[PDB]
Amino acid sequence: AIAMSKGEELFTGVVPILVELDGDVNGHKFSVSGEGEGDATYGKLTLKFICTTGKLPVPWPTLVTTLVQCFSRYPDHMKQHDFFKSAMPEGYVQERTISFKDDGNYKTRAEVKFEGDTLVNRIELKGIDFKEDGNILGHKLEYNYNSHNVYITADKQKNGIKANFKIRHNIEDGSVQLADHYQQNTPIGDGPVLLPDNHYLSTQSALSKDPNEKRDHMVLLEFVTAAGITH
Ligand SMILES: [Ca+2]
């Protein structure tokens, strides 16, 4: 009857989300602002992102992973493995290196936490060693998004988790641009967190445009469900 974590209880209903990103890729500076809502009961996110600095100097798809895994649906039998909600409201630090095959890399640091009743994701992104006419700076990536598995393991030493996964970005010629993700999350607060057994998040994302929106932007619908442990 008691929740597996105090934080879990913060997610039983619809939660408004704000996303703020400042980025610099190969010296191209940009900012992204996002608003929407999440409903963890259904592993559901709906968000609209706008590039507030003009044209985005990288493809929108390359920023999806960076731009709230606390909205994942953990099945009841797996709720003792939900690190993300357990760190709330104080939140967690989420860091990644995203290595684009035969191209540059993003390094990201984010803090995900509640501000009032709003779930906020604040991110700094740094991109280096991109090729001027590779798939990223050359904008050769299709505006779509594949379905992936995010493999999570406990990091007991750090009182947190790691994740490893491979993102596949479709290239306009029919090929694929791999983006290898290595990920670390650690709690911001001093409260206890849930350290999970090995499992994965199964993700699915749909990208669209707002037909009235003139700014460079991305509308996103995403479903994420934890899996990999039986009852
Ligand atoms: Ca165990």
Side-chain angles (χ1 to χ4, degrees), residues 1-15 17 19 37-45 47 64-99 106-114 118-123 145-168 179-205 220 222-231:
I2 198 178
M4 286 296 151
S5 71
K6 183 156 70 78
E8 180 188 321
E9 313 193 35
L10 298 172
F11 290 92
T12 50
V14 171
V15 174
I17 298 160
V19 185
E37 54 188 49
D39 197 352
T41 299
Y42 310 98
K44 186 176 185 180
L45 292 176
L47 286 138
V64 167
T65 55
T66 295
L67 293 167
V68 294
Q69 288 171 316
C70 47
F71 290 101
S72 294
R73 181 178 79 78
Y74 274 71
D76 183 75
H77 75 280
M78 291 182 62
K79 284 194 164 79
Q80 73 261 53
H81 305 293
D82 186 353
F83 165 86
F84 305 101
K85 295 184 189 66
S86 83
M88 297 295 158
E90 305 87 349
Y92 53 79
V93 174
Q94 174 163 301
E95 290 173 288
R96 295 210 181 96
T97 302
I98 301 171
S99 299
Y106 296 165
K107 292 180 152 296
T108 64
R109 189 189 182 279
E111 288 185 12
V112 184
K113 71 172 94 179
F114 276 93
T118 299
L119 192 281
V120 176
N121 183 16
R122 294 191 49 166
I123 319 109
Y145 212 85
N146 289 297
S147 193
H148 301 102
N149 291 333
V150 177
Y151 296 98
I152 297 176
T153 46
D155 193 342
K156 286 204 160 65
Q157 161 192 110
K158 309 175 188 259
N159 193 40
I161 59 166
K162 293 169 168 154
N164 293 264
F165 54 108
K166 287 184 183 282
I167 294 296
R168 305 166 291 108
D180 284 303
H181 279 58
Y182 179 54
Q183 169 181 342
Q184 172 174 288
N185 298 53
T186 47
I188 295 174
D190 303 308
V193 292
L194 294 174
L195 299 177
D197 288 10
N198 298 357
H199 69 278
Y200 65 94
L201 306 178
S202 170
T203 71
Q204 168 193 147
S205 303
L220 175 63
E222 182 172 293
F223 292 96
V224 187
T225 302
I229 296 172
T230 62
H231 29 327

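Numbers here simply count residues along the sequence, with the first being 1.
- The shortest non-hydrogen separation linking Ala87 to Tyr92 is CB-CD2, 4.0 Å.
- In this structure the side chain of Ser202 never reaches within 4.5 angstrom of the side chain of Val224, judged on heavy atoms.
- Using a 4.5 Å cut-off on side-chain heavy atoms (C-beta onward), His231 and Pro75 make no contact.
- Side-chain atoms of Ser99 and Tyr106, non-hydrogen and from C-beta on, never get closer than 4.5 Å to each other.
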- Could you please spell out the steps behind the side-chain contact (heavy atoms from CB on, under 4.5 Å) verdict for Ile229 and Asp197? CA-CA 9 Å; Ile229 296 172; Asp197 288 10; 4.1 Å; yes

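- Once rounded to the nearest 0.5 Å, the distance linking CD1 of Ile123 with CD of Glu95 reads 13.0 Å.
- In this structure, CD on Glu111 lies 12.5 Å from CD on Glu90, to the nearest 0.5 angstrom.
- In this structure, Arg168 contributes its side chain and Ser147 its backbone to a donor-acceptor pair below 3.5 Å.
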- Query: Taking it one step at a time, do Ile167 and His148 satisfy side-chain contact (heavy atoms from CB on, under 4.5 Å)?
  - Reply: CA-CA 7 Å; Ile167 294 296; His148 301 102; 3.3 Å; yes

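- The structure places OG1 of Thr225 at 13.0 Å from OH of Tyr42, a figure rounded to the nearest 0.5 Å.
- When all heavy atoms of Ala179 and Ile98 are compared, the pair lying nearest together is CB-CG2, 3.8 Å.
- The shortest side-chain heavy-atom distance between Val68 and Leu45 falls under the 4.5 Å cut-off.
- Of the charged side-chain nitrogens involved, none lies within less than 4.0 Å of a carboxylate oxygen, so that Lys79 and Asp82 do not count as a salt-bridged pair.
- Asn121 has its side chain out of reach of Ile17: every pair of non-hydrogen atoms, C-beta onward, lies at least 4.5 Å apart.
- Side-chain atoms of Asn149 and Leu201, non-hydrogen and from C-beta on, never get closer than 4.5 Å to each other.
- Partner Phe84 forms a side-chain contact (heavy atoms from CB on, under 4.5 Å) with one of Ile152, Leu194, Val193 and no other, that one being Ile152.
- Donor-acceptor pairing under 3.5 Å is lacking for the side chains of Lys158 and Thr186.
- Atom-to-atom distance recorded for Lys44:NZ and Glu37:CD is 8.5 Å, nearest 0.5 angstrom.
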- Task: Decide side-chain contact (heavy atoms from CB on, under 4.5 Å) for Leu67 and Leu47; before the verdict, give the C-alpha distance in whole Å, the side-chain angles of both, and the deciding distance to 0.1 Å.
- Result: CA-CA 10 Å; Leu67 293 167; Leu47 286 138; over 6 Å; no

- Verdict with supporting geometry, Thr153 and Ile161, side-chain contact (heavy atoms from CB on, under 4.5 Å): CA-CA 6 Å; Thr153 46; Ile161 59 166; over 6 Å; no

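- Of the candidates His199, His81, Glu8, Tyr74 forms a side-chain hydrogen bond (donor to acceptor under 3.5 Å, both in side chains) with just one, namely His199.
- Within the 4.5 Å cutoff, side-chain heavy atoms of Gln183 are placed close to those of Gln69.
- Shortest non-hydrogen contact noted between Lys85 and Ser72 is NZ-O, 2.8 Å.
- Among residues two or more places apart in sequence or in another chain, the salt bridge (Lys or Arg N to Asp or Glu O under 4.0 Å) test is passed with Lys162 by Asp155.
- In plain terms, the two heavy atoms of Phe83 and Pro196 that are nearest each other are CB-CD, 4.4 Å.
- Of the options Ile188, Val112, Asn185, a side-chain contact (heavy atoms from CB on, under 4.5 Å) to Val93 is made by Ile188 and by none of the others.
- Taking every heavy atom of both residues into account, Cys70 and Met88 meet most closely at SG-CE, 4.3 Å.
- Side-chain contact between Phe114 and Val120: absent, with no pair of heavy atoms (C-beta onward) separated by less than 4.5 Å.
- Counted by atom type alone, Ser205 and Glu222 present one or more donor-acceptor pairs between their side chains at under 3.5 Å.
- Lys166 and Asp180 are joined by a salt bridge, as a carboxylate oxygen and a charged side-chain nitrogen come within less than 4.0 angstrom of each other.
- Separating the CZ atom in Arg122 from the NZ atom in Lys113 is a distance of 8.5 Å, to the nearest 0.5 Å.
- Under a 3.5 Å cut-off, the side chain of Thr41 and the backbone N or O of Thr12 do form a donor-acceptor pair.
- Here the two rings, on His181 and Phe165, have centers that are under 6.0 Å apart.
- Note: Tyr182 OH to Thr97 OG1 = 8.5 Å, rounded to the nearest 0.5 Å.
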- Query: Does the ring-ring contact (aromatic ring centres under 6.0 Å, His included) test come out yes or no for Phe223 and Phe71, once each step is laid out?
  - Reply: CA-CA 9 Å; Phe223 292 96; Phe71 290 101; over 10 Å; no

